[PDB]
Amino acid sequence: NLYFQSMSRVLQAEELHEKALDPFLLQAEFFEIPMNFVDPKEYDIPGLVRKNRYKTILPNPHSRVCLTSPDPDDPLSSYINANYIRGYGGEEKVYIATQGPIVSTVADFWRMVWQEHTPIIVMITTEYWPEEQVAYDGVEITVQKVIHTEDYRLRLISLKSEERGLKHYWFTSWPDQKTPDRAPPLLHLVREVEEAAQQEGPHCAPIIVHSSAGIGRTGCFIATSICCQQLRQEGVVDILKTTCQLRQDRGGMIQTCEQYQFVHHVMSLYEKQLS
């Protein structure tokens, strides 16, 4: 309850299915949740203008990812528009939510990937990866394989500087209409990424998730991911509490009520699948 009082509504299956189909209640509930955006004046850093895609969408200071190499004491060098995000049950640093890299932040993005030992990137739609190979700040980035599926493209990537693997999931099927029939692809991606995460073994490093601003579709993906574990482990989902937790970590996570309803559609579907 750092910036604001968290709210909760624990949904068992019956209520979950009905809740997903009550837009009047969904909007009432959603617009009670503070956005928790940071005042841009909190950052007074020359050159910061080049680092943000949107001037009013900035990382909450307490959870921002600081880039500690090569100049941790320089505000601009240490800056990236990205926040550590708690996962299911409040587990620290399960994800990093960040804006889609822009021309001026591609190298910064890779600095973060290397710093955090990130095993997986989830991209939801600048092409910041090479066609074959490119090097930033001492780390050689090689795309070893491209795997095309119905709804995403998966790149298997080598990072060498010490060699590490990286899985890059590019989800292209973000629906214009957030209707129940559009839920399955997002659910499938969420479950694929869960499996990939588990395959990394103990003490998994943060999973990077991005979209243009890194709040709306990024928030939907992460909320759904968290709630899937909750459903399997507890037999309930608390989308309201999860959304509150996300907002405490990064202002604006889940931007629209249509997105909020979509998360309910996805969870209702998953409950049916599990049942």
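A residue's number is simply how far along the shown sequence it sits, counting from 1.
Gap between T179 and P180: none; every deposited residue in this span has coordinates. Counting the deposited residues that fall between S161 and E162 and carry no coordinates gives a value of 1 to 3. The deposited model assigns a higher average Cα B-factor to 165-173 than to the other stretch when 165-173 and 85-93 are compared. Look at the mean CA B-factor for 40-48 and for 214-222 in the entry; the higher one is 40-48. Going by the entry's values, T126 shows the largest Cα B-factor out of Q115, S77, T98, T126.
Highest C-alpha temperature factor among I147, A107, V122, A197 per the entry: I147. The deposited CA B-factor of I57 belongs to the highest third of values across its chain.
The deposited CA B-factor of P185 belongs to the middle third of values across its chain.
For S69, the recorded CA B-factor ranks within the highest third of the chain. Only modelled residues enter the ranking. In the PDB entry, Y270 places in the lowest third of its chain by CA B-factor.
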